[PDB]
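**Student:** Protein chains in written order, with my numbering: chain F, -3 to 191; chain G, -3 to 191.
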């Protein structure tokens, strides 16, 4: 192994960040130490994690994550369909023109209201067996998406949260200067992966 | 970091064994390369894994595993109550006087029959909502206990399996030359931990 790959593994930040990565957490800018850590050693941690048949991926929006190949040595898991939907609406909220002024801060109530109007009524209701049950499930997905590094809790509660640039993993594909919000709306209808 | 801690992490065995360890798998004698690997570097891998607030523990019966402290950086999980019971009966089967001659090989049918006679009828039946349903749940626990390194599948099926010395983690405490089998019978009535 190279010398500064050893300097990375020797850093007091690595065991906490290595575990977070292996659990599927996305490391955005808001974790400056961990983010700057992966910036200076990106070339070396890529080789290290490549030995687990996973790829340390830096998305074009600056955030890091591990993406496992089919032959990963770290067991993989998937987000539920409701969790995928909530993340997709979290990114619609991130695409909103107020996001710069609000710093990505939204309420669980704002997420409820966008979720009911933006999502297809037929499919969303088949993700339960109502609406106050759907609230406690949305709160469950947001805790899962907080663990993955998609939101930060503003308080001890899921009621106020800041959305992270890592939410772009739930965003459709866009180019030129097309409005990504309509593309997001049509889209809305161990290693835990958001696929 | 020390030089031969680097020789361990550089070994082509480490990423597969490191992942298996972090998932809670118990490394017994039957994995000779991985076992001999942890034998020659035990002093150095202890220090390495101690930085995740987990303890690389070698039980008195030769097998290795990671045991997380309350402040572990690797997320922890527990076995179900039925999985704990199946493992406890797997060790009762391991304590049997035929085990040396059979090399730890038992059938899923042998595990069913010992499970019904050895376990308390009132509690075991409250682990379902019958007996062919309990068979497919026993098969599920054995697949989980195989992942943890408690048994090896003799074939592509759970029908024939070899029990590992790591099963002693489900065994009661014994000293002098007392029969451990009666102590086992009274006992019968990310990091996944068998607690």
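The beta-carbon is built from N, C-alpha and C at its ideal position, and this holds for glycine as well.
Is residue 21/F buried or exposed, if buried means 16 or more other CB atoms sit within 10 Å of its CB?
**Tutor:** Buried, by the Cβ-count rule.
**Student:** Run through DSSP, which three-state label would residue 19/G get?
**Tutor:** Residue state, collapsed to three classes: coil.
**Student:** May I ask which residues mark the beginning and end of the alpha helix (DSSP H) holding residue 106/F?
**Tutor:** Segment 104 to 114, the alpha helix (DSSP H) holding residue 106/F.
**Student:** Using a beta-carbon distance below 7 Å, is residue 48/F in contact with chain G?
**Tutor:** Yes, residue 48/F counts as interfacial toward chain G.
**Student:** For a cutoff of 7 Å on Cβ pairs, would you count residue 12/F as touching chain G?
**Tutor:** Closer than 7 Å: yes.
**Student:** What's the gap between the Cα of residue 124/G and the Cα of residue 118/G?
**Tutor:** Approximately 11 Å, taken between the alpha carbons.
**Student:** Hey, is residue 2/F's beta-carbon within less than 7 Å of any beta-carbon in chain G?
**Tutor:** Judged by the 7 Å Cβ criterion, residue 2/F is in contact with chain G.
**Student:** Is any beta-carbon of chain G found at less than 7 Å from that of residue -3/F?
**Tutor:** Output row for residue -3/F: interface = yes.
**Student:** Taking the beta strand (DSSP E) that residue 63/G belongs to, which residues open and close that run?
**Tutor:** 60 to 64 is the extent of the beta strand (DSSP E) around residue 63/G.
**Student:** Return the chain-ordered list of same chain residues with a C-beta closer than 6 Å to the C-beta of residue 184/F, the five sequence neighbours on each side being excluded.
**Tutor:** Only 84, 114 and 115 meet the Cβ criterion.
**Student:** DSSP puts residue 53/G in a beta bridge; with which residues?
**Tutor:** According to DSSP, residue 53/G bridges with 61/G.
**Student:** Pull out every residue of the segment 176 to 190 of chain G whose Cβ sits closer than 9 Å to any Cβ of chain F, in chain order.
**Tutor:** Listed by position along the chain: 186.
**Student:** Residues of chain F with a CB under 9 Å from the CB of residue 144/G: which are they?
**Tutor:** Result: empty, since nearest Cβ-Cβ is about 12 Å, beyond 9 Å.
**Student:** Work out the CA separation of residue 28/G and residue 143/F for me, nearest whole Å.
**Tutor:** Taking the straight line joining both Cα atoms gives about 37 Å.
**Student:** Spell out a yes or no on whether the segment 151 to 164 of chain G and the segment 76 to 91 of chain G are touching, meaning 3 or more CB-CB pairs, one atom from each, closer than 8 Å.
**Tutor:** In short, these stretches touch, since the Cβ pair count reaches three.
**Student:** I want to see whether chain F comes within less than 7 Å of residue 136/G, judged by CB atoms only; does it?
**Tutor:** With 7 Å as the cut-off, residue 136/G does not count as an interface residue toward chain F.
**Student:** Under a three-way DSSP split, which group does residue 122/F fall into?
**Tutor:** The answer is coil: DSSP assigns residue 122/F none of H, G, I, E or B.
**Student:** At 7 Å on the CB atoms, spell out the chain G contacts of residue 5/F, in chain order.
**Tutor:** Within chain G, the residues near residue 5/F are -3.
**Student:** Residue 42/F lies in the alpha helix (DSSP H); which residues open and close that run?
**Tutor:** Here the alpha helix (DSSP H) through residue 42/F covers 38 to 46.
**Student:** Would you kindly report the start and end of the unbroken beta strand (DSSP E) that includes residue 72/F?
**Tutor:** Element bounds for residue 72/F: 72 to 74.
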